[PDB]
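Below, chains carry the letters A, B, ... as their sequence lines are ordered, and counting in each starts from 1. Computation of the quantities below employed the complete heavy-atom set of this structure, encompassing side-chain atoms and omitting hydrogens, waters and symmetry-equivalent molecules.
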Amino acid sequence: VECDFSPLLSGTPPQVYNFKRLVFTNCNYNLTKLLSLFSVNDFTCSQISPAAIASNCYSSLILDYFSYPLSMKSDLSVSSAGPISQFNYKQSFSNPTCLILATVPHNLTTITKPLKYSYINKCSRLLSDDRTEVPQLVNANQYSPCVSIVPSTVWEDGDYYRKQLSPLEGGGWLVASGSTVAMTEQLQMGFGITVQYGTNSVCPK
Amino acid sequence: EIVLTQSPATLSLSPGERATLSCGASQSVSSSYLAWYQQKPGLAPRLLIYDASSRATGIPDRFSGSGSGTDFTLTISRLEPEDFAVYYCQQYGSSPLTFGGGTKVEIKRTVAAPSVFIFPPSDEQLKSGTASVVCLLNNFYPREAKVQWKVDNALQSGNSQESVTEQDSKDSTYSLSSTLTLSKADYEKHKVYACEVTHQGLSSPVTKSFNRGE
Amino acid sequence: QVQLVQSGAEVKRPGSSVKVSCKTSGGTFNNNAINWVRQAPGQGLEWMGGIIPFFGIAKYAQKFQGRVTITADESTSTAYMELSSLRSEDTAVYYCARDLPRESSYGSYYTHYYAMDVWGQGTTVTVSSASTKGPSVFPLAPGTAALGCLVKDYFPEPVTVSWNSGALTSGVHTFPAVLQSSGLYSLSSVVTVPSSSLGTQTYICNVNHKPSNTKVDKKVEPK
Ligand SMILES: *[C@@H]1O[C@H](CO)[C@@H](O)[C@H](O)[C@H]1NC(C)=O
Ligand SMILES: *[C@@H]1O[C@H](CO)[C@@H](O)[C@H](O)[C@H]1NC(C)=O
């Protein structure tokens, strides 16, 4: 049984705050073939190496992917402190991880472009006292608490989204603001890989 | 509401002396969320101290704050001339935000009795049907003074109003007016119009008077 | 460099409403909450409420709940306080003031409505049933002599008084106005001068009440 990466190659990759997760156990993978379909602009890892991530056996392999503009490379890093890692997407600090920035070649036709890149520039809660603010920093392997009030793609840079919470949900307010980056001629993407060592049935082919 | 009580109401001190200002809260001020402000006449308050003890940007070192819970203190180690003003504490540990009633820091100087002057109504005003009688207490210290109007010896009540200047920048005195208002008809029922002044710099009360029509 | 600039003085009748504006310049809103604080003549300071720009949600002191609306327009960087069912006891200077900005909680939470480090210049709001009216100006007729001018029965504030077109300043005391039971203001301005001067020197008080465009020069002489 081969690990099935093909959902990645068909359709429009979501924006970073809606990153799509594929999880793999008990299967065989070929990461070097998958990456051969893209033009890889950056490939950096933490507690592992690009050579190792393609060659080892794991008890679990998780691959996150999304549209992402190369111009925001500095905001997609295990060292970053900007809106992406604070509010949109954050990897595990304990398991080995890699981050890959890539471009869809004209070769690759089954991946479709959204109208622009979008990200959450801030998600925050105002508590029921109407005076205490709690910025909603995203947890590793989780989505922002604002994904339900932010559209699939932000229409205009600076749009606001606001939701009053019922008392059963804590009361107060949940507010997000969205930012956009103009689409590029070729779609640019981000990939996040997280591996775990356990019984290690995720092995290279 | 957290009630903030400032004391003393007035501090009277000389340039170079140390000023100690207190603020007491009716209940504990959470997280030491207490600020101090300076306010001069006609101007907006100016933040000096926040979070009980942190100096705001640009505030000189002679200002410091301390305290916690329900007792807080603003200290000015050595007063400069520009430090004479009103000071307010403010708590933001609980909603609604509340302020103290203020402490005035004024320049202490030697006791000075007022010069007292009385002004009859102008003839033009009287003919138009009203009599305003003005008593002036000029350049005295300290601020406390008592002014009584007596009309043919009868003490007046309810028909006079007082106004006081801010402390003078150069001699550190105050001046005060008191204005007695009667109808023309009521004014012409009496003869002697007198304002009687009591002040610390006066051995006995000073009276200035006139006789209507003389 | 950050400044808060408020709209100008207002005069309102009881039962009406007033809306005061406050524009931030010299910097961003940067999610610093805007507070509204008022000060009645001779009194201390009272927090009415505020708004947090990121959320567009306002908070009010219970004593004003139902009567005050605070809003904010990020596109013009302007906040607004609207107070309704005005009463004469709402006569006051109304200040907008910004929370002291602090490092972002992204601590782990962030408290709005704080110590306030930048304040507007204030907006005077007078609530009264009086109509605009210029003052009558009467002489306070005169070692040391004292003389002056009584500036009586005008509405609204303010009036200015000078002596001899500003050439006479030493020994002048212009008193703060009092509000009379009629609802009109009155003040006196006085000066002390040498008694020897009363024969030779002319004394004129220049009174200006802009709301009624009243301008009066009154010569004060001995009776
Ligand atoms: C995996 O993909 C790479 C990339 O083309 C290829 O060289 C290699 O032969 C593949 N291995 C297997 C077992 O298919
Ligand atoms: C598609 O074209 C790209 C050009 O960047 C090339 O690197 C890649 O090997 C091609 N993939 C195929 C033919 O599957």
Side-chain angles (χ1 to χ4, degrees), chain B residues 41 106-107 109-122 125 132-147 149 160-180 193-203 205-210, chain C residues 135 137-152 159-178 186-207 216-223:
Chain B
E106 59 143 26
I107 292 159
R109 60 151 290 156
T110 183
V111 168
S115 299
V116 186
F117 304 83
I118 190 177
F119 299 99
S122 81
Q125 182 196 26
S132 300
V133 196
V134 172
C135 181
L136 167 66
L137 287 58
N138 203 64
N139 304 349
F140 57 95
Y141 186 85
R143 152 68 177 90
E144 289 69 47
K146 290 184 230 124
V147 188
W149 283 101
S160 66
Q161 290 188 279
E162 290 184 356
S163 178
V164 197
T165 60
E166 301 288 334
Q167 189 172 34
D168 189 72
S169 53
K170 206 182 151 253
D171 59 36
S172 307
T173 68
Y174 299 87
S175 294
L176 181 151
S177 71
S178 171
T179 300
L180 175 74
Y193 286 84
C195 67
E196 191 188 295
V197 173
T198 294
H199 182 267
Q200 191 189 332
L202 296 170
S203 323
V206 172
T207 291
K208 299 294 168 181
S209 63
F210 63 89
Chain C
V137 182
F138 303 114
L140 298 164
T144 300
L147 58 100
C149 285
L150 163 64
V151 178
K152 186 175 154 61
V159 289
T160 61
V161 182
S162 69
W163 286 88
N164 296 342
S165 299
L168 172 55
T169 56
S170 148
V172 173
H173 298 294
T174 298
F175 286 91
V178 297
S186 170
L187 66 70
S188 285
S189 166
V190 300
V191 56
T192 55
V193 305
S195 311
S196 58
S197 83
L198 296 172
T200 59
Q201 175 70 45
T202 58
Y203 297 100
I204 296 176
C205 76
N206 326 106
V207 175
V216 164
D217 302 305
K218 183 135 280 197
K219 177 177 189 186
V220 184
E221 59 196 24
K223 181 146 124 184

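- In this structure, the side chain of B:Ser177 does not engage the main chain of B:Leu136 through any donor-acceptor pair within 3.5 Å.
- Checked against C:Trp163 for a side chain to side chain contact (heavy atoms under 4.5 Å, CB included), the options C:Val193, C:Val190, C:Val191, C:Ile204 give a single hit: C:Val191.
- Residues B:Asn138 and B:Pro114 fail the side-chain proximity criterion, which asks for heavy atoms closer than 4.5 Å.
- A distance of 7.5 Å separates CD in C:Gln201 from CG in C:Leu168, rounded to the nearest 0.5 Å.
- For the atom pair OH of C:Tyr203 and CG of C:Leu198, the computed distance is 6.0 Å after rounding to the nearest 0.5 Å.
- In this structure, C:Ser188 and C:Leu140 have side chains that are in contact, with non-hydrogen atoms separated by less than 4.5 Å.
- To the nearest 0.5 angstrom, C:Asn206 atom CG is 4.5 Å from C:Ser165 atom OG.
- The two atoms that bring B:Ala145 and B:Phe140 nearest to each other are CB-CE1, 4.1 Å, heavy atoms only.
- C:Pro139 has its side chain within reach of C:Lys218: a pair of non-hydrogen atoms, C-beta onward, lies under 4.5 Å apart.
- Considering only heavy atoms from C-beta on, C:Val137 comes within 4.5 Å of C:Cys205 through its side chain.
- Between B:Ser178 and B:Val147, the closest heavy-atom pair is CB-CG1, 4.0 Å.
- Annotation for B:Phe117 and B:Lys208: closest pair N-CG, 4.4 Å, computed over non-hydrogen atoms.
- The two residues C:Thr200 and C:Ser196 have their closest heavy-atom pair at OG1-O, 4.4 Å.
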Could you go step by step and tell me if B:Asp168 and B:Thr173 meet the side chain to side chain donor-acceptor pair (under 3.5 Å) rule? CA-CA 5 Å; B:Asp168 189 72; B:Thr173 68; 5.3 Å; no
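- Counting heavy atoms from C-beta on, the side chains of C:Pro135 and C:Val207 come closer than 4.5 Å.
- Note that CG of C:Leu147 is 11.5 Å distant from CD of C:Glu221, once rounded to the nearest 0.5 Å.
- Proximity of a side-chain donor or acceptor of B:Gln161 to a complementary backbone N or O of C:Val178 within less than 3.5 Å is not detected.
- In terms of modelled atom types and a separation under 3.5 Å, the side chain of C:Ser189 and the main chain of C:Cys149 share no donor-acceptor contact.
- B:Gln167 and B:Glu106 make their closest contact through OE1-CB, 3.5 Å (heavy atoms, listed as atom of the first residue, atom of the second, distance).
- Nearest heavy-atom pair, C:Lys152 versus B:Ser132, reported as atom, atom and distance to 0.1 Å: CD-OG, 3.6 Å.
- At least one side-chain heavy atom of B:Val116 sits under 4.5 Å from a side-chain heavy atom of B:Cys195.
- To the nearest 0.5 Å, the span separating CG on C:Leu150 from CG on C:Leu187 amounts to 8.0 Å.
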Taking it one step at a time, do C:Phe175 and C:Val151 satisfy side-chain contact (heavy atoms from CB on, under 4.5 Å)? CA-CA 10 Å; C:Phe175 286 91; C:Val151 178; over 6 Å; no
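- One distance of note links CD1 of B:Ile118 with OH of B:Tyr193; it measures 10.0 Å at 0.5 Å rounding.
- For the residue pair C:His173 / B:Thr165, no side-chain donor-acceptor distance below 3.5 Å is found, with atom types taken as modelled.
- For the pair C:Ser195 (side chain) and C:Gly143 (backbone), a donor-acceptor distance under 3.5 Å is present.
- Remark: side-chain polar atoms of B:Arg109 are paired, donor with acceptor, to backbone N or O of B:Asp171 under 3.5 angstrom.
- B:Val111 is listed as a side-chain neighbour of B:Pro142, based on a closest heavy-atom distance under 4.5 Å.
- You'll find the side chain of B:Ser172 stays beyond 4.5 Å of the side chain of B:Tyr141, heavy atoms only.
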